[PDB]
Each structure stands twice: as C-alpha cells, then as structure tokens.
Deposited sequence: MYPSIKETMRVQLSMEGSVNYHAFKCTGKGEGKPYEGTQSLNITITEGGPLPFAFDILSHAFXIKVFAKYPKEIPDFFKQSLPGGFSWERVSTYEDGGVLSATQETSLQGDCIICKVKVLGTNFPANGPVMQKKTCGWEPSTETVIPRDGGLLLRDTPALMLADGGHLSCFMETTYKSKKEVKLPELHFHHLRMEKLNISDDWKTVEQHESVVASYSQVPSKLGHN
C-alpha cells in the first residue's frame, strides 16, 4: 500500500480522566504493518502512578499493524496517508464505561496518534479501581463496513487477580479523511500483551499481533 514501508515508527500522545482522576501519557514505538506486529513504550507523564488498572487504557494505546490477505481491502493502510480517526465506547459488565476518540496521521515513516480518554462509573471497590487485573485475553473483532467507514465490535475478556474474568463490550467507529475502497465483513484476531512494567508503574511496554481474515468455517451457501 502507498507510503507504507516494511517497518513503521509510532508517536503517541494521550490525555483524559477515569473516575475523577486526570492523567497524561506518551508512546514511542515501531512495528511491521504487513506482518501485523507492533510495540509501544508507554510513559505516564502526568497523574503519578495510576489509581486504576492500566489495562483499561491498553485498547486505546493502530490497526495499520494488521496482517491482511490479498483478497480483503485494507481500510487502515489505505486511509493512513490522508489520515483517519476512530472513536470507541467500552462498556464493562459491572458498570464502568470508557469513552475514547483518536486521530491518526502520517509524516514520513512516522505514524502520529492523538488520543483522548474519558471513563466514568467504574465501581469504586471493583477490580478496575482496585487494580486487580492481569491483562487481556486474546480476542476476535468483527469488522463491519458502514457508510463510507467502519464499525468494529468485540467482547474482550480481562483476566483478574482472583483467576476469573471481567468482560466488556466494545463498539468502535472508523472514519477516513479520504475515500477508501471498503472491505466486506470480516474479522480481526488480536493478542495484546504487556511485556514489561517499571517499578514505579510509570513505564510499560505493550505488544500486539493482529491477523485479519474471513471466517475459517465452510459455507453451504457460497458465502465468505
């Protein structure tokens, strides 16, 4: 795809608040867009050590890094040169709601990301606010074409310190500055993991691998 090299650089900035607590973050990283892998070194610049689980911000911290087959239009690689944006509502089973908005642009080999986050109504004595989470499980997101843009839906499961799971629903919208050849309905298979965390809980390395594809299960109706 035009102006997308085998290895790309990432610059990220994030600001916002969760349950009365304001914070700011920055990200330095790289990855292989065609191989579908990426890494991000995240420093928390404002708001000290977070009083809530860092995990609830992980989804917000670039679908450019996604392995796409020849047969399926890659919305994200097409949209990058002209720029694109995404917005998300993440609704947790115990009451928490995390809203996010993001702008993505390209300057040379640098993918610059600007994120705004707003979270409210997280149970004060729940796993998120008490920092009793242990990273997300792998998941698969449904990519739905909707009027010029995309709508992505997922039900990711967050691992808990007690050995259980906290689930949330995700609804993500995508809008491109330029007009792009839309894909048919398909899936993203994700695995997002925290590799390293600094002692003071300020610096955290996050990795992600993404494979895009149609369903693996055969059709009786000749459908994808």
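- Missing from the model, by position in the deposited sequence, are residues 1, 63.
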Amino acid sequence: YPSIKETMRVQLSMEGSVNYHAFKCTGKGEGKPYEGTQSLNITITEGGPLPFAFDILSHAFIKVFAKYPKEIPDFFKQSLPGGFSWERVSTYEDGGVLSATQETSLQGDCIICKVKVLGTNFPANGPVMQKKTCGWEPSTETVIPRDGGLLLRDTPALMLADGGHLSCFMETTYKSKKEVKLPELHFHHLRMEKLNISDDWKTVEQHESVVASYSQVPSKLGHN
From here on, numbers count along this sequence of modelled residues.
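- Two stretches are in play, 1-9 and 214-222, and the higher mean C-alpha B-factor belongs to 1-9.
- As listed in the deposited structure, the average C-alpha B-factor of 174-182 and of 195-203 is greater for 195-203.
- Among the modelled residues of its chain, residue 32 has a C-alpha B-factor that falls in the highest third, as given in the PDB entry.
- Ranked within its chain, residue 70 lands in the highest third, by CA B factor from the PDB record.
- Ranked by C-alpha B-factor against the other modelled residues of its chain, residue 42 falls in the highest third.
- Annotation for residue 64: CA B-factor lies in the lowest third of the chain's modelled residues.
- In the PDB entry, a CA B factor belonging to the highest third of its chain's modelled residues is recorded for residue 108.
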